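Student: Got a structure here, written out as structure tokens. Questions coming.
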There are 4 protein chains.
Amino acid sequence: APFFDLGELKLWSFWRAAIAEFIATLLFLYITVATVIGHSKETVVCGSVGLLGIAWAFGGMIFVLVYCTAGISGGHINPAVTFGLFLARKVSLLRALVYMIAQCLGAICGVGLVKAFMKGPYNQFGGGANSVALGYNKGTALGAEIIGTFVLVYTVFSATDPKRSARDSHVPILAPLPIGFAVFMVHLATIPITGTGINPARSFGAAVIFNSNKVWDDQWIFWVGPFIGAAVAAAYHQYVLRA
Amino acid sequence: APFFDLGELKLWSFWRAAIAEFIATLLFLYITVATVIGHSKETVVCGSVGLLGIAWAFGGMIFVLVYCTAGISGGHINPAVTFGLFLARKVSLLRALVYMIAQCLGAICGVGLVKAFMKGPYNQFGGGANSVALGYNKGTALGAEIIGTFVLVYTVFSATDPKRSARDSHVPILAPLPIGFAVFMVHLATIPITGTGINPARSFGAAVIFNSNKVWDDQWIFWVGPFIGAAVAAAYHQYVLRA
Amino acid sequence: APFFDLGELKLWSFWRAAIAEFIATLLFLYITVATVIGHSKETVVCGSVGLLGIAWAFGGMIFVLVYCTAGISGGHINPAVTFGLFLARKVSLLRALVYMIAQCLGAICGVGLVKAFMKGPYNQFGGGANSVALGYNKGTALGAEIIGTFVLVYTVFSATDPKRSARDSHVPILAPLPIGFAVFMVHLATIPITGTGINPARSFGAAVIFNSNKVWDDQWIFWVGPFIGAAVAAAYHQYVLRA
Amino acid sequence: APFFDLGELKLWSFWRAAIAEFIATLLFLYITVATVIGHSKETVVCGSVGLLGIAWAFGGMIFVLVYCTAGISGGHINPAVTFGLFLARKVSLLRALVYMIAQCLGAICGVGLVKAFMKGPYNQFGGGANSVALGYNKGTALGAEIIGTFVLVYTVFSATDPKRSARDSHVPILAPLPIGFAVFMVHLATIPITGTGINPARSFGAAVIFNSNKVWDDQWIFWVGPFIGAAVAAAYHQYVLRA
């Protein structure tokens, strides 16, 4: 695998993929984290969208954002997804790094904006950040993240279009709706355990704005968890020999 | 951009686009505002559809109504959407104004009908109208509306069909389901802040029937917010150079 | 319009359309009414699927059942839908009557089965039947039903395929998912008012098994309401000149 | 029907179908059972995803997993589905048995993993296992399972693609989303009665890990129920003469 292919010299489009990933990840974090705070700060019992509403916000936004960005960047919005595709040789090392930089920067800004708009409740209620919940230990959280990310990266490899790519690249287009639903499904099982990471940029962004020691102690789980899940899904895609 | 193109002299279809936008916006306001009142007036705790149900009503109706009207008018049902497309040169100034007139008239009637059917609870519970919620100030509400409308108008520009248009026009057909989901997603994050406007006609219609001074004080947010969000999404569509 | 066309002499397929409508309507009533009783009989607060879950059951089943029956019968599962299409000249008088007989018989059986399986709670909690709720009067209920059925029959006329028909007929295939969502959307607004009819067979079936005088007093609303809504949607389809 | 066809001598693909069914069923049980435990163990009233969230987890995962596995194995993830298709002569006896072995093994592992990750709450709250709920007797549970499985297997026969098959087989591809929704719809009606089986491997897996005498007493319902539902749906598919 070289570090880069001729398609990274199409600098106009490469720039635009990066921007697309950047903005999408912002949008992602803003809408989802704002749904979290608004639910946690509600005084009325059942006066909110509930944990259900919060799972839809994550799944729904991924659907919407992959829909919008699949023909521009490939619609990753998530370093573990970019990592998995990189393992499967669909992304060069150079586009992979440019993508995770964009995704993490975008993630920080979105959580940023959510704090700007409601600082009080943002800090009081966890700041949207991921961590090990009471009653589970680290290895459980890690297993949960490995397996949840496997479910998302396995759906992504089935959602790849074998013939169509993003503008001026060989990066596959992705069917937005199954991927969105997998995100949704994994939240309904994972919110009680880690809040659900399965997206290192989404976990990184909330750690950066929330800035708590508890949160940062846990943060390794949400890189290693997902990256391992991603790698096991790549291994599986290649072994059920199907790209 | 001229004020009008030869397709506005196809008066039969132009008339029918306008009617289509008018009725859709009625339908929109009636179903969504009626879901709001029915939830707010319920005596049982969790005896309602909840804020979740209320977000589906907005997202779902947009999906249904864009589905029905995309080949007739282009399926805008929302002046900020018509404004955005106008900025992007997909709509002439003349069809744009005819559309927002239709959308606002339709919006007033739908909220009208919801009051006709349940006057007591309609007035008692906020009348479905948008405003700045306790604990947020005006600039926050405005930011929330800018960004929420950006998410909807960004999804709309990705949902445009580059080859197919509404009857007897060059106005693009739109993929109803991503647009509906974006409406849904933006509510789950915005209902606690402004109730969610992102649609000047939807905010205008509830202000007109509810008629409260509090509500009218706030009403500028729900024109300026969305129109700015719309303009920033147009700017972005044109810069990620993709119509 | 003759009373019947040569396609009603294809007796094999005509028989099978009727059976298809019959069974679908059973399935419809069984799953939806069983979701109602199971929710109403739950002792735990928020221990149920909620009014939200109940709206999905109606919308979801319509989606599933139109999906299954659209190429066999046209996927009506609802006399107001069959009535509307009949008005628009897509169904002969003879197939229309055969369809509503099948739909009402099927509806009675499904509610039948729900009573068979849980007689205690079935009778105690309203028996799934439609009626005017406390705090609304008859004209409101009727308006609600007119307009809710308009929303469903308007979505159905946009969901008609202009080129593809059900086996051995000129009855149009229907896009199941927008129609299902319209059913869903109309429930979120109507459950507090009448429980939502918008389907005379669904209202007739629950009236027949529940058998209460209150319920039967109201039952005219759920024929006249929907049939009027259906007729206004046909009138509109023909005037926005679009079959 | 012979016991096997030349397509079971394509051992590479046959092996891979089996693995695909195996892993999918694991994924299925892990995500769904983990959503159950996380909901049942929550201390806050409405602090969970609710019975609604739990129904989405089952429906959603089936959608996601049929999406991923339809072109590899045919996307059954459920012995009653494999049984039904076997009755309809779409699956040989030999692939049918290999599939249910894979499905049951996979089911056991998924519930396995859910216990590994949260042993305390897993055992305390029912272990995700199916059984007859208080207030219903065995024949009711059985009827509920017959009919619920009929709804799923009837949707599956309408979701079969008549022209496209899984890799190196004559096993039909299936439209994932109607099948997923039917699973969802059947839960909203059945969760109060048996928890919803309609999948012998899903019931078998939770019986094996939970290991309770109550649960095992009931377990016959969740084989006989679904297999009968499946057989009645096959009979119906063949009689509404439509494969």
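Identifiers in this document derive from the order of the structure tokens: chains are assigned A, B, ..., residues are numbered from 1 separately in each chain, and ligands are numbered from 1 in order of occurrence.
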If we count only C-alpha atoms, which residues of chain A reach to within 7 Å of chain B? Please list them as an MDAnalysis selection string.
Tutor: chainID A and resid 16 31:32 34:35 38 46:49 53 57 60:61 64 68 117
Student: Just the alpha helix (DSSP H) stuff from region 58-181 of chain A, please, per backbone DSSP, written as number ranges by chain.
Tutor: A: 58-69, 79-87, 93-117, 119-124, 138-158, 176-181
Student: Pick out the residues sitting within 8 Å of residue 230 (chain B), and hand them over as a ChimeraX atom specification; count only C-alpha atoms, and ignore anything fewer than 6 positions along from it in its own chain.
Tutor: /B:80-81,83-84,146,149-150,153-154
Student: Could you tell me how far CA of residue 69 (chain D) sits from CA of residue 20 (chain D), in Å to one decimal place?
Tutor: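 Value for the CA of residue 20 (chain D)-CA of residue 69 (chain D) distance: 6.4 Å.
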